[PDB]
Amino acid sequence: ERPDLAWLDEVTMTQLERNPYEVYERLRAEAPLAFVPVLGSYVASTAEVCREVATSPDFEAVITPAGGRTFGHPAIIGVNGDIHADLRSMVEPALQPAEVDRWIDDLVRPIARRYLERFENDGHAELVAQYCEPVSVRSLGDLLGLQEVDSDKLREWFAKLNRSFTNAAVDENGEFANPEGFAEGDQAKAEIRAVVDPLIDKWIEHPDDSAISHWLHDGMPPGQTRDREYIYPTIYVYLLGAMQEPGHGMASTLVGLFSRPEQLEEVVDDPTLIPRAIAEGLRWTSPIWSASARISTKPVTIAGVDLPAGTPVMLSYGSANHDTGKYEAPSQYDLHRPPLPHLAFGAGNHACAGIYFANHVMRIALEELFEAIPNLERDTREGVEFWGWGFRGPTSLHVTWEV
Ligand code: HEM
Ligand SMILES: COc1ccccc1O
């Protein structure tokens with residue numbers, strides 16, 4: 001509809017999945033709020049627009065169309081008002097910093113050592129599948145009460161939910177262009193129900209210290225639990241992004257450090273720099289790149305665009321974190337970048353609830369990795385490809401080291 005942006009009509013879903021950064025560089029210069037036809041939605045590409053939409057009193061949360069098709073109702077990311085307040089009160093106890101500090105080290109550190117012990121003397125590894133993803137899912141899986149779900153299965157589930165959630169391509173009529181792309185999401189959810197329904201059955205009668213047991217019981221009148229249909233969409237929110245993103249974040253941080261070998265040596269020599277390295281890694285390739293959204297609740301003007309009430313806006317935080325209004329040469333990883341606010345955890349009432357936990361999982365994992373393999377080198381015989389528009393990270397990270 002907007003004549004000067006007619007080139008957007010030719011942007012494809014595959015191009016956004018393989019490398020969204022070229023199109024979004026144009027968006028940030030040309031139209032910080034722009035309707036992208038293949039996504040069927042306005043997209044916010046700059047830091048100022050993302051932060052304004054995420055915190056505006058005239059916007060509320062909405063799930064993207066493919067996200068809603070995947071999660072249903074009431075996903076914590078997609079609801080507001082009393083339901084959102086309840087779901088936030090449900091998830092927040094185990095994520096409170098003082099609580100996380102009581103047990104996070106005893107949780108993640110033995111998990112990291114267990115996965116490292118399987119390959120640390122091989123001289124070669126593919127760190128995404130052998131380390132980053134397993135540590136991420138095994139840590140959260142144990143916290144949740146899914147100790148008996150193998151890390152292979154948790155990784156499979158978040159990959160299928162990822163592809164379903166981000167199956168966003170639409171045709172000229174706004175209809176999903178890839179309707180068969182939700183089937184593996186439905187298949188994953190069916191498997192999850194078969195595993196988790198008996199656990200919920202048991203937790204209702206015998207509560208324990210698992211997070212999902214507390215989701216059922218916390219804050220309820222005596223003898224009542226939250227209905228499982230009411231909590232399952234937030235279980236799915238966890239089984240996608242909460243399982244996937246810490247692994248994405250540590251892997252992207254490592255890829256960034258490899259691209260600056262002198263900074264990798266700095267961080268290995270001084271592991272107190274690991275949190276700073278992770279924060280730059282999240283800015284450099286944001287794990288949640290363009291997954292979440294808001295919807296206007298009244299007519300509003302954003303970036304010169306007069307939006308009617310009921311207008312969805314996708315928050316492309318991964319693009320906002322390359323805003324050259326904030327950063328110099330943002331496409332380069334730089335451990336010594338002047339620390340600034342970033343949007344990798346979002347903003348507003350629907351900002352990430354698990355920031356403190358996630359940073360600790362990533363930090364401890366990198367601590368243990370650099371301790372066990374101080375001479376880690378990237379396998380330059382292999383290249384690192386990143387994939388994903390909604391959620392983005394490296395598909396593999398081949399490394400070598402002298403044994
Ligand atoms: C590096 C890892 C992670 C990153 C980069 C990340 C980032 C994000 C982002 C961008 C959002 C959407 C915010 C918005 O729309 O403004 C979000 C939401 C959320 N995240 Fe995180 N996340 C990570 C890990 C986790 C973990 C491990 C958990 C749970 C233990 C978690 C729990 C949540 C929840 C519950 C929400 C929904 C909040 C709401 O809608 O009220 N996240 N996260
Ligand atoms: C924390 O997990 C999510 C965040 C935003 C969208 C989907 C998710 O599963």
# chains A, B, ... in the order shown; residues from 1 in each chain; ligands from 1
$ residues_around --residues "residue A:126" --least-positions-apart "4" --cutoff "12 Å" --atoms "only C-alpha atoms" --output "number ranges by chain"
A: 116, 119-120, 122, 130-134, 251, 376-379, 382-384, 394-401
$ write_last_selection --atoms "N, CA and C atoms" --output "compact mmCIF listing (two decimals), in the first residue's frame"
# COMPACT_ATOMS: atom_id res chain seq x y z
N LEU A 116 29.96 -31.96 29.38
CA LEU A 116 31.35 -31.77 28.97
C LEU A 116 32.15 -33.07 29.06
N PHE A 119 32.69 -35.34 25.89
CA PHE A 119 33.45 -34.98 24.70
C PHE A 119 34.72 -34.18 24.96
N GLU A 120 35.02 -33.82 26.21
CA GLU A 120 36.06 -32.82 26.45
C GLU A 120 37.46 -33.30 26.08
N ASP A 122 37.92 -35.21 23.20
CA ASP A 122 37.84 -35.68 21.82
C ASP A 122 38.70 -34.86 20.87
N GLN A 130 25.95 -30.79 21.22
CA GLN A 130 26.63 -31.53 22.27
C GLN A 130 26.71 -30.78 23.60
N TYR A 131 26.48 -29.47 23.62
CA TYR A 131 26.69 -28.74 24.86
C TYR A 131 25.64 -27.67 25.13
N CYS A 132 25.53 -26.69 24.24
CA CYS A 132 24.71 -25.51 24.53
C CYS A 132 23.25 -25.88 24.70
N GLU A 133 22.68 -26.58 23.71
CA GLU A 133 21.29 -27.00 23.83
C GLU A 133 21.08 -27.97 24.99
N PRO A 134 21.88 -29.04 25.17
CA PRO A 134 21.65 -29.93 26.32
C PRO A 134 21.69 -29.22 27.66
N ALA A 251 25.65 -19.97 22.50
CA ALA A 251 26.29 -20.31 21.23
C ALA A 251 26.61 -19.07 20.42
N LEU A 376 40.10 -23.77 23.29
CA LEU A 376 39.05 -23.90 22.29
C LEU A 376 39.34 -23.04 21.07
N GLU A 377 39.22 -23.65 19.90
CA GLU A 377 39.36 -22.95 18.63
C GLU A 377 38.15 -23.29 17.77
N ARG A 378 37.77 -22.36 16.90
CA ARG A 378 36.71 -22.65 15.96
C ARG A 378 37.24 -23.48 14.80
N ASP A 379 36.48 -24.50 14.42
CA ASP A 379 36.79 -25.30 13.24
C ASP A 379 36.57 -24.42 12.02
N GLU A 382 34.89 -25.55 8.93
CA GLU A 382 33.44 -25.40 8.87
C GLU A 382 33.07 -23.92 8.97
N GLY A 383 31.95 -23.57 8.35
CA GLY A 383 31.37 -22.25 8.51
C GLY A 383 30.21 -22.30 9.48
N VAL A 384 29.90 -21.14 10.07
CA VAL A 384 28.78 -21.01 11.01
C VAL A 384 27.63 -20.35 10.27
N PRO A 394 22.84 -19.92 15.84
CA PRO A 394 23.64 -20.74 14.92
C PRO A 394 23.11 -22.16 14.86
N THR A 395 23.10 -22.73 13.65
CA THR A 395 22.59 -24.09 13.52
C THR A 395 23.62 -25.13 13.95
N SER A 396 24.90 -24.77 13.96
CA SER A 396 25.96 -25.64 14.44
C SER A 396 27.15 -24.77 14.81
N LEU A 397 28.02 -25.33 15.65
CA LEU A 397 29.23 -24.62 16.07
C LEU A 397 30.35 -25.65 16.20
N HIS A 398 30.99 -25.96 15.06
CA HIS A 398 32.07 -26.93 15.06
C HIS A 398 33.35 -26.29 15.59
N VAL A 399 33.97 -26.95 16.55
CA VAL A 399 35.18 -26.47 17.20
C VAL A 399 36.20 -27.60 17.27
N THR A 400 37.46 -27.21 17.48
CA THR A 400 38.55 -28.16 17.71
C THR A 400 39.42 -27.63 18.84
N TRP A 401 40.24 -28.52 19.39
CA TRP A 401 41.22 -28.11 20.38
C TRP A 401 42.31 -29.18 20.47
$ residues_near_ligand --ligand "ligand 2" --cutoff "6 Å" --atoms "only C-alpha atoms and all ligand atoms" --output "PyMOL selection string"
chain A and resi 237-238+240-242+291-292
$ closest_residue --among "A:295, A:353, A:362, A:125" --to "residue A:42" --atoms "only C-alpha atoms"
A:295
$ residues_around --residues "stretch 28-41 of chain A" --least-positions-apart "5" --cutoff "8 Å" --atoms "only C-alpha atoms" --output "PyMOL selection string"
chain A and resi 8-9+11-13+46+49+168-172+174+302-303+305+312-314+323
$ write_last_selection --atoms "N, CA, C and O atoms" --output "PDB file, in the first residue's frame"
ATOM      1  N   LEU A   8       9.259  -4.003  -0.666  1.00  0.00           N
ATOM      2  CA  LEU A   8       8.873  -4.954   0.373  1.00  0.00           C
ATOM      3  C   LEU A   8       7.967  -6.056  -0.160  1.00  0.00           C
ATOM      4  O   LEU A   8       7.930  -7.144   0.436  1.00  0.00           O
ATOM      5  N   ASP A   9       7.229  -5.801  -1.251  1.00  0.00           N
ATOM      6  CA  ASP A   9       6.364  -6.826  -1.838  1.00  0.00           C
ATOM      7  C   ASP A   9       7.149  -8.038  -2.299  1.00  0.00           C
ATOM      8  O   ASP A   9       6.569  -9.117  -2.463  1.00  0.00           O
ATOM      9  N   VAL A  11      10.069  -9.165  -0.798  1.00  0.00           N
ATOM     10  CA  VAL A  11      10.792  -9.837   0.274  1.00  0.00           C
ATOM     11  C   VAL A  11      10.130 -11.182   0.550  1.00  0.00           C
ATOM     12  O   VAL A  11       8.898 -11.277   0.636  1.00  0.00           O
ATOM     13  N   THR A  12      10.939 -12.227   0.686  1.00  0.00           N
ATOM     14  CA  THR A  12      10.425 -13.575   0.905  1.00  0.00           C
ATOM     15  C   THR A  12      10.669 -14.033   2.338  1.00  0.00           C
ATOM     16  O   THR A  12      11.542 -13.518   3.045  1.00  0.00           O
ATOM     17  N   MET A  13       9.898 -15.051   2.741  1.00  0.00           N
ATOM     18  CA  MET A  13      10.081 -15.634   4.067  1.00  0.00           C
ATOM     19  C   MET A  13      11.451 -16.278   4.195  1.00  0.00           C
ATOM     20  O   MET A  13      12.137 -16.096   5.208  1.00  0.00           O
ATOM     21  N   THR A  46      13.425  -0.416  14.677  1.00  0.00           N
ATOM     22  CA  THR A  46      14.401   0.387  15.404  1.00  0.00           C
ATOM     23  C   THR A  46      14.205   0.244  16.910  1.00  0.00           C
ATOM     24  O   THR A  46      13.155  -0.191  17.388  1.00  0.00           O
ATOM     25  N   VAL A  49      11.314   2.617  18.192  1.00  0.00           N
ATOM     26  CA  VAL A  49       9.953   2.164  17.905  1.00  0.00           C
ATOM     27  C   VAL A  49       9.626   0.900  18.691  1.00  0.00           C
ATOM     28  O   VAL A  49       8.526   0.768  19.246  1.00  0.00           O
ATOM     29  N   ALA A 168       5.106 -18.074   9.672  1.00  0.00           N
ATOM     30  CA  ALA A 168       4.356 -16.828   9.583  1.00  0.00           C
ATOM     31  C   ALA A 168       4.018 -16.393   8.161  1.00  0.00           C
ATOM     32  O   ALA A 168       3.236 -15.447   7.996  1.00  0.00           O
ATOM     33  N   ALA A 169       4.582 -17.031   7.133  1.00  0.00           N
ATOM     34  CA  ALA A 169       4.390 -16.529   5.776  1.00  0.00           C
ATOM     35  C   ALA A 169       2.915 -16.537   5.391  1.00  0.00           C
ATOM     36  O   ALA A 169       2.200 -17.522   5.613  1.00  0.00           O
ATOM     37  N   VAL A 170       2.459 -15.434   4.797  1.00  0.00           N
ATOM     38  CA  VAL A 170       1.081 -15.338   4.345  1.00  0.00           C
ATOM     39  C   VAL A 170       1.060 -14.951   2.872  1.00  0.00           C
ATOM     40  O   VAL A 170       2.030 -14.407   2.328  1.00  0.00           O
ATOM     41  N   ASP A 171      -0.066 -15.249   2.226  1.00  0.00           N
ATOM     42  CA  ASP A 171      -0.246 -14.906   0.823  1.00  0.00           C
ATOM     43  C   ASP A 171      -0.885 -13.519   0.720  1.00  0.00           C
ATOM     44  O   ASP A 171      -1.024 -12.796   1.712  1.00  0.00           O
ATOM     45  N   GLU A 172      -1.252 -13.124  -0.504  1.00  0.00           N
ATOM     46  CA  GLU A 172      -1.754 -11.773  -0.725  1.00  0.00           C
ATOM     47  C   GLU A 172      -3.058 -11.525   0.016  1.00  0.00           C
ATOM     48  O   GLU A 172      -3.379 -10.369   0.320  1.00  0.00           O
ATOM     49  N   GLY A 174      -3.614 -12.615   3.060  1.00  0.00           N
ATOM     50  CA  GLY A 174      -3.365 -12.746   4.481  1.00  0.00           C
ATOM     51  C   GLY A 174      -3.517 -14.146   5.035  1.00  0.00           C
ATOM     52  O   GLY A 174      -3.409 -14.323   6.254  1.00  0.00           O
ATOM     53  N   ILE A 302       2.593   6.057  15.446  1.00  0.00           N
ATOM     54  CA  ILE A 302       3.920   5.521  15.726  1.00  0.00           C
ATOM     55  C   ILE A 302       4.769   5.739  14.482  1.00  0.00           C
ATOM     56  O   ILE A 302       4.361   5.353  13.380  1.00  0.00           O
ATOM     57  N   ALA A 303       5.938   6.361  14.657  1.00  0.00           N
ATOM     58  CA  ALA A 303       6.867   6.625  13.549  1.00  0.00           C
ATOM     59  C   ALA A 303       6.153   7.261  12.358  1.00  0.00           C
ATOM     60  O   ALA A 303       6.344   6.866  11.204  1.00  0.00           O
ATOM     61  N   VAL A 305       3.187   6.901  11.385  1.00  0.00           N
ATOM     62  CA  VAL A 305       2.125   6.077  10.817  1.00  0.00           C
ATOM     63  C   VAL A 305       0.912   6.150  11.738  1.00  0.00           C
ATOM     64  O   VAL A 305       1.021   5.893  12.942  1.00  0.00           O
ATOM     65  N   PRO A 312      -1.857  -5.032  14.928  1.00  0.00           N
ATOM     66  CA  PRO A 312      -0.683  -5.739  15.452  1.00  0.00           C
ATOM     67  C   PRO A 312       0.619  -5.133  14.948  1.00  0.00           C
ATOM     68  O   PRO A 312       0.720  -4.662  13.809  1.00  0.00           O
ATOM     69  N   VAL A 313       1.632  -5.178  15.813  1.00  0.00           N
ATOM     70  CA  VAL A 313       2.987  -4.752  15.486  1.00  0.00           C
ATOM     71  C   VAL A 313       3.948  -5.816  15.990  1.00  0.00           C
ATOM     72  O   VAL A 313       3.990  -6.093  17.193  1.00  0.00           O
ATOM     73  N   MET A 314       4.733  -6.394  15.084  1.00  0.00           N
ATOM     74  CA  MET A 314       5.763  -7.342  15.478  1.00  0.00           C
ATOM     75  C   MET A 314       6.996  -6.598  15.968  1.00  0.00           C
ATOM     76  O   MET A 314       7.424  -5.608  15.359  1.00  0.00           O
ATOM     77  N   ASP A 323      20.627  -1.123  15.934  1.00  0.00           N
ATOM     78  CA  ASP A 323      20.288   0.252  15.608  1.00  0.00           C
ATOM     79  C   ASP A 323      21.549   1.107  15.616  1.00  0.00           C
ATOM     80  O   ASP A 323      22.214   1.235  16.649  1.00  0.00           O
TER      81      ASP A 323
END
$ residues_near_ligand --ligand "ligand 1" --cutoff "6 Å" --atoms "only C-alpha atoms and all ligand atoms" --output "VMD selection string"
chain A and resid 54 76 to 77 242 245 to 246 249 287 to 288 292 344 to 347 350 to 354 358
$ write_last_selection --atoms "N, CA, C and O atoms" --output "short mmCIF file (atom, residue, chain, number, x, y, z; two decimals), in the first residue's frame"
data_model
loop_
_atom_site.label_atom_id
_atom_site.label_comp_id
_atom_site.auth_asym_id
_atom_site.auth_seq_id
_atom_site.Cartn_x
_atom_site.Cartn_y
_atom_site.Cartn_z
N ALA A 54 6.48 -1.46 22.93
CA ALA A 54 6.51 -2.41 24.03
C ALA A 54 6.05 -1.80 25.36
O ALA A 54 5.59 -2.53 26.24
N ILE A 76 1.07 -16.92 28.13
CA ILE A 76 1.42 -15.74 28.93
C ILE A 76 1.84 -14.57 28.04
O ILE A 76 1.57 -13.41 28.37
N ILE A 77 2.43 -14.86 26.87
CA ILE A 77 2.89 -13.82 25.96
C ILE A 77 1.75 -13.09 25.26
O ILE A 77 1.97 -12.00 24.71
N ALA A 242 11.91 -20.67 26.43
CA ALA A 242 12.72 -20.80 27.64
C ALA A 242 13.73 -21.94 27.52
O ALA A 242 14.86 -21.83 28.02
N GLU A 245 16.36 -20.54 24.22
CA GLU A 245 17.10 -19.30 24.08
C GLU A 245 18.42 -19.26 24.85
O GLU A 245 19.39 -18.71 24.33
N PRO A 246 18.52 -19.79 26.08
CA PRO A 246 19.84 -19.77 26.73
C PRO A 246 20.88 -20.52 25.91
O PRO A 246 22.03 -20.07 25.81
N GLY A 249 21.79 -18.24 23.14
CA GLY A 249 22.56 -17.10 23.60
C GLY A 249 24.01 -17.44 23.87
O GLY A 249 24.91 -16.68 23.51
N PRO A 287 18.63 -13.85 20.57
CA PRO A 287 17.95 -15.15 20.43
C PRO A 287 16.47 -15.04 20.10
O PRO A 287 15.98 -15.75 19.21
N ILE A 288 15.74 -14.18 20.80
CA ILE A 288 14.37 -13.87 20.41
C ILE A 288 14.47 -12.62 19.53
O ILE A 288 14.63 -11.49 20.01
N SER A 292 7.80 -11.83 19.29
CA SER A 292 6.67 -11.30 20.06
C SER A 292 6.10 -10.05 19.39
O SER A 292 6.67 -9.50 18.43
N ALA A 344 17.19 -7.31 24.03
CA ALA A 344 17.12 -8.75 23.83
C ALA A 344 16.18 -9.44 24.80
O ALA A 344 15.77 -10.58 24.55
N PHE A 345 15.84 -8.79 25.92
CA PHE A 345 14.85 -9.32 26.85
C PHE A 345 13.53 -8.58 26.75
O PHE A 345 12.65 -8.74 27.62
N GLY A 346 13.35 -7.76 25.72
CA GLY A 346 12.13 -7.01 25.52
C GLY A 346 12.03 -5.86 26.52
O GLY A 346 13.01 -5.39 27.09
N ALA A 347 10.79 -5.41 26.72
CA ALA A 347 10.55 -4.23 27.55
C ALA A 347 9.07 -4.19 27.92
O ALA A 347 8.23 -4.83 27.28
N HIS A 350 5.39 -6.99 29.57
CA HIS A 350 5.56 -8.32 29.02
C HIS A 350 7.03 -8.63 28.74
O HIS A 350 7.33 -9.55 27.98
N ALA A 351 7.94 -7.86 29.33
CA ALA A 351 9.36 -8.15 29.24
C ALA A 351 9.66 -9.53 29.83
O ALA A 351 8.90 -10.08 30.64
N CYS A 352 10.79 -10.10 29.41
CA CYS A 352 11.20 -11.42 29.85
C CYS A 352 11.12 -11.56 31.36
O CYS A 352 11.62 -10.71 32.11
N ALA A 353 10.49 -12.64 31.82
CA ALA A 353 10.37 -12.94 33.24
C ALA A 353 11.55 -13.71 33.79
O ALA A 353 11.70 -13.78 35.02
N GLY A 354 12.40 -14.28 32.94
CA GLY A 354 13.46 -15.16 33.39
C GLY A 354 14.87 -14.67 33.14
O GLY A 354 15.79 -15.49 33.07
N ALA A 358 18.23 -16.92 33.18
CA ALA A 358 18.84 -17.17 31.87
C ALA A 358 20.30 -16.72 31.84
O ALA A 358 21.17 -17.43 31.32
#
$ select_by_dssp --residues "stretch 37-148 of chain A" --states "helix (DSSP H, G or I)" --output "number ranges by chain"
A: 37-39, 47-55, 65-71, 76-78, 81-91, 93-95, 97-117, 127-144
$ closest_residue --among "A:75, A:300, A:267, A:27" --to "residue A:230" --atoms "only C-alpha atoms"
A:75
$ closest_atom_pairs --of "stretch 228-297 of chain A" --to "stretch 177-198 of chain A" --cutoff "10 Å" --atoms "only C-alpha atoms" --output "JSON lines"
{"residue": "A:228", "atom": "CA", "partner": "A:197", "partner_atom": "CA", "distance": 8.3}
{"residue": "A:232", "atom": "CA", "partner": "A:193", "partner_atom": "CA", "distance": 8.8}
{"residue": "A:233", "atom": "CA", "partner": "A:189", "partner_atom": "CA", "distance": 9.8}
{"residue": "A:235", "atom": "CA", "partner": "A:192", "partner_atom": "CA", "distance": 9.5}
{"residue": "A:236", "atom": "CA", "partner": "A:189", "partner_atom": "CA", "distance": 7.9}
{"residue": "A:239", "atom": "CA", "partner": "A:192", "partner_atom": "CA", "distance": 9.2}
$ closest_residue --among "A:209, A:380, A:374, A:311" --to "residue A:269" --atoms "only C-alpha atoms"
A:374
$ select_by_dssp --residues "stretch 57-207 of chain A" --states "strand (DSSP E or B)" --output "list in words"
residues 59, 60, 61, 62, 124, 125, 126, 170 and 176 of chain A
$ write_last_selection --atoms "N, CA, C and O atoms" --output "short mmCIF file (atom, residue, chain, number, x, y, z; two decimals), in the first residue's frame"
data_model
loop_
_atom_site.label_atom_id
_atom_site.label_comp_id
_atom_site.auth_asym_id
_atom_site.auth_seq_id
_atom_site.Cartn_x
_atom_site.Cartn_y
_atom_site.Cartn_z
N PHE A 59 -0.89 0.17 23.69
CA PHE A 59 -0.69 -1.17 23.16
C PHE A 59 -0.85 -2.18 24.28
O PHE A 59 -0.60 -1.88 25.45
N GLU A 60 -1.25 -3.40 23.90
CA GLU A 60 -1.27 -4.52 24.83
C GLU A 60 -0.69 -5.73 24.11
O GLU A 60 -0.43 -5.68 22.90
N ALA A 61 -0.47 -6.80 24.86
CA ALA A 61 0.13 -7.99 24.25
C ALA A 61 -0.83 -8.67 23.29
O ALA A 61 -2.05 -8.67 23.47
N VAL A 62 -0.25 -9.24 22.24
CA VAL A 62 -0.96 -10.11 21.30
C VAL A 62 0.05 -11.15 20.85
O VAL A 62 1.25 -10.88 20.80
N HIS A 124 37.47 -32.47 19.17
CA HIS A 124 36.50 -31.92 18.23
C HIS A 124 35.12 -32.00 18.88
O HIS A 124 34.85 -32.91 19.67
N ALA A 125 34.26 -31.06 18.52
CA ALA A 125 32.88 -31.10 19.00
C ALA A 125 32.02 -30.18 18.15
O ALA A 125 32.51 -29.26 17.50
N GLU A 126 30.73 -30.47 18.15
CA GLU A 126 29.70 -29.60 17.58
C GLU A 126 28.93 -29.08 18.80
O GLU A 126 28.09 -29.78 19.36
N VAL A 170 2.46 -15.43 4.80
CA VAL A 170 1.08 -15.34 4.34
C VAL A 170 1.06 -14.95 2.87
O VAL A 170 2.03 -14.41 2.33
N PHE A 176 -2.35 -18.09 5.68
CA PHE A 176 -1.07 -18.78 5.82
C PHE A 176 -0.70 -19.46 4.51
O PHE A 176 -1.50 -20.20 3.93
#
$ residues_around --residues "residue A:274" --least-positions-apart "3" --cutoff "12 Å" --atoms "only C-alpha atoms" --output "PyMOL selection string"
chain A and resi 250+253-254+257+263-271+277-281+335-336+359-370
$ closest_residue --among "A:121, A:244, A:213, A:259" --to "residue A:231" --atoms "only C-alpha atoms"
A:213
$ closest_residue --among "A:327, A:333, A:165, A:115" --to "residue A:260" --atoms "only C-alpha atoms"
A:333
$ atom_distance --atom1 "atom CA of residue A:64" --atom2 "atom CA of residue A:14"
18.1 Å
$ residues_around --residues "residue A:331" --least-positions-apart "3" --cutoff "10 Å" --atoms "only C-alpha atoms" --output "list in words"
residues 21, 283, 284, 285, 321, 322, 323, 324, 327, 328 and 334 of chain A
$ write_last_selection --atoms "C-alpha atoms" --output "PDB file, in the first residue's frame"
ATOM      1  CA  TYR A  21      19.756  -8.256   8.560  1.00  0.00           C
ATOM      2  CA  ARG A 283      22.807  -7.762  21.402  1.00  0.00           C
ATOM      3  CA  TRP A 284      24.867  -9.082  18.489  1.00  0.00           C
ATOM      4  CA  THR A 285      22.515 -11.951  17.589  1.00  0.00           C
ATOM      5  CA  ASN A 321      19.798  -4.274  18.722  1.00  0.00           C
ATOM      6  CA  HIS A 322      21.673  -3.294  15.550  1.00  0.00           C
ATOM      7  CA  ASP A 323      20.288   0.252  15.608  1.00  0.00           C
ATOM      8  CA  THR A 324      23.081   2.518  14.400  1.00  0.00           C
ATOM      9  CA  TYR A 327      25.706   1.476  18.257  1.00  0.00           C
ATOM     10  CA  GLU A 328      28.792   1.896  16.094  1.00  0.00           C
ATOM     11  CA  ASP A 334      32.865  -6.350  20.358  1.00  0.00           C
TER      12      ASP A 334
END
$ atom_distance --atom1 "atom CA of residue A:282" --atom2 "atom CA of residue A:330"
11.8 Å
$ closest_residue --among "A:290, A:332, A:234, A:80" --to "residue A:316" --atoms "only C-alpha atoms"
A:290
$ decode --residues "stretch 355-373 of chain A" --atoms "N, CA and C atoms" --output "compact mmCIF listing (two decimals), in the first residue's frame"
# COMPACT_ATOMS: atom_id res chain seq x y z
N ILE A 355 15.04 -13.35 33.06
CA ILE A 355 16.33 -12.74 32.72
C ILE A 355 17.44 -13.24 33.65
N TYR A 356 17.21 -13.12 34.96
CA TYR A 356 18.24 -13.46 35.94
C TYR A 356 18.64 -14.93 35.84
N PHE A 357 17.66 -15.82 35.74
CA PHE A 357 17.93 -17.24 35.57
C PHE A 357 18.69 -17.51 34.28
N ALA A 358 18.23 -16.92 33.18
CA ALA A 358 18.84 -17.17 31.87
C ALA A 358 20.30 -16.72 31.84
N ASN A 359 20.59 -15.54 32.39
CA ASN A 359 21.97 -15.07 32.41
C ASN A 359 22.86 -16.01 33.22
N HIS A 360 22.33 -16.56 34.32
CA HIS A 360 23.12 -17.48 35.14
C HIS A 360 23.38 -18.79 34.40
N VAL A 361 22.36 -19.34 33.73
CA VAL A 361 22.56 -20.57 32.95
C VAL A 361 23.65 -20.36 31.91
N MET A 362 23.59 -19.25 31.17
CA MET A 362 24.59 -18.98 30.15
C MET A 362 25.97 -18.77 30.77
N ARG A 363 26.05 -17.99 31.85
CA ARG A 363 27.34 -17.71 32.49
C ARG A 363 28.02 -18.98 32.98
N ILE A 364 27.31 -19.79 33.76
CA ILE A 364 27.88 -21.00 34.34
C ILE A 364 28.33 -21.96 33.24
N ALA A 365 27.51 -22.10 32.20
CA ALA A 365 27.86 -22.99 31.09
C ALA A 365 29.17 -22.55 30.44
N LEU A 366 29.32 -21.25 30.20
CA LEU A 366 30.55 -20.78 29.57
C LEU A 366 31.73 -20.89 30.53
N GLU A 367 31.50 -20.64 31.82
CA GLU A 367 32.55 -20.83 32.81
C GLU A 367 33.11 -22.25 32.74
N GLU A 368 32.22 -23.25 32.79
CA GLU A 368 32.65 -24.64 32.81
C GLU A 368 33.30 -25.03 31.48
N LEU A 369 32.76 -24.54 30.37
CA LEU A 369 33.33 -24.84 29.06
C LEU A 369 34.77 -24.33 28.96
N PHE A 370 35.00 -23.06 29.31
CA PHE A 370 36.34 -22.50 29.19
C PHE A 370 37.30 -23.10 30.20
N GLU A 371 36.79 -23.58 31.34
CA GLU A 371 37.65 -24.25 32.31
C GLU A 371 38.12 -25.59 31.77
N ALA A 372 37.21 -26.36 31.16
CA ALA A 372 37.55 -27.69 30.66
C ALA A 372 38.29 -27.65 29.33
N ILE A 373 38.05 -26.63 28.51
CA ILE A 373 38.72 -26.54 27.21
C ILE A 373 39.27 -25.13 27.04
